[PDB]
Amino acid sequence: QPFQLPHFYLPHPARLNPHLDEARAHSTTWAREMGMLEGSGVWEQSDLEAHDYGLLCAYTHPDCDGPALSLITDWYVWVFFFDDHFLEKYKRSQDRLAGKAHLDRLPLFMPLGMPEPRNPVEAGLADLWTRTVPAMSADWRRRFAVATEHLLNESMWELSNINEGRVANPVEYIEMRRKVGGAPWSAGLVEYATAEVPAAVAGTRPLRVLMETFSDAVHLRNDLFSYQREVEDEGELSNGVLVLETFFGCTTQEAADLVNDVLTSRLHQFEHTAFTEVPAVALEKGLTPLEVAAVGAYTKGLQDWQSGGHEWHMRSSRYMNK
């Protein structure tokens, strides 16, 4: 173990969806149906169960019913399969050209007909997209497809950095995980689980800031938990602890300690944003009682996502949690 986990700022206790065991059973079955287990070259069933994405989603989406949790869990099974698949098939061989082609096919499985799927990533996305889109607005649809594409562009950017040996500097790292990282995608599914953000406030600064603080915080937390795997097994350079470490030339523990202080700070700004800036713009735009409740449902969702996410990271076999 390369460093000891720091003292985390954890103000709000996590809650756990009672449909957890339902989500587990369904998603493991769905994974095999998509071809993500034996024969994938990526996961065996034992891997998927040890990662425990049912537990992740039950922690991060505590209030939705059994069917919603099952769909969300499949989404996360898919997003992590895509991550480990891309690593195993393209990153470890630094196959930038084949990676590009792989990624270029995936938008064909998010129509705003579809081709036949040739791999589990394509198969999973096709399935999820058809199951999810009918329940949401046409506007959520366009935003969610964009968010999913950003995730895809992220893998490319990361691979190119690995291939050229270039670690991003601290501002570059943050801005890149903001622009193409998976926080808007996660927040996209929080809306599915809670309510879509009223368009009257969706593009305003306080909701933008709310997303910035949410994004920074979730990535920095994961960086702390996955540094060991990423640095001494994967060769992944997209990690905040590694970014500070190379920039300052400090010890691993020193960088993790500062990363965590940055994390606590982002969490502070989230709380302030959620409590003050967002309610203010809700008044300024004259949202109805119903619209205000949707906003509150969503921001509350982000809070529970973060608290649950930490409890998951402390348990999943993906991470440095002893």
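Just count from 1 along the sequence shown to find any residue number.
The entry shows a gap from residue 112 to residue 113, with 4 to 9 unmodelled residues of the deposited sequence in between.
Look at the mean CA B-factor for 281-289 and for 53-61 in the entry; the higher one is 281-289. The mean Cα B-factor in the deposited entry runs higher for 96-104 than for the other of 96-104 and 220-228.
Residue set 160, 132, 239, 215: peak C-alpha B-factor at 160 (per PDB entry). Highest C-alpha temperature factor among 40, 70, 29, 265 per the entry: 40. Per the deposited record, the Cα B-factor of residue 12 falls in the highest third when ranked against the other modelled residues of its chain. Per the PDB record, residue ranking by Cα B-factor puts residue 244 in the middle third of the chain. When the modelled residues of the chain are ordered by their C-alpha B factor, residue 140 lands in the highest third. Among all modelled residues in its chain, residue 46 ranks in the highest third by Cα B-factor.
The deposited CA B-factor of residue 197 belongs to the highest third of values across its chain.
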